[PDB]
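Visitor: Before anything else, here's the structure in question.
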Amino acid sequence: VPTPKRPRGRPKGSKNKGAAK
DNA sequence: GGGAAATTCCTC
DNA sequence: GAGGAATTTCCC
């Protein structure tokens, strides 16, 4: 695992940045 | 227990 | 090279 591959997902503590239409 | 939103990895 | 699809987390 030489390439830090992060799993698809939403970081913890990530709130909505605005009005998601 | 279900729904909605944001981020990231893979294909052509 | 640029774009699309898949997976995870939080709140009621």
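All residue names refer to the structure tokens as shown: chains lettered A, B, ... in order, residues numbered from 1 in each chain, ligands numbered from 1 in order.
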Tell me which protein, DNA and RNA residues are within 8 Å of stretch 2-7 of chain C, counting only C-alpha atoms (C1' of nucleotides), leaving out same-chain ones fewer than 3 positions away, and put them as number ranges by chain.
Guide: A: 7-9
Visitor: Could you pull the residues within 10 Å of stretch 1-8 of chain B, counting only C-alpha atoms (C1' of nucleotides), minus those fewer than 3 positions along the same chain, as a count of residues only?
Guide: 19
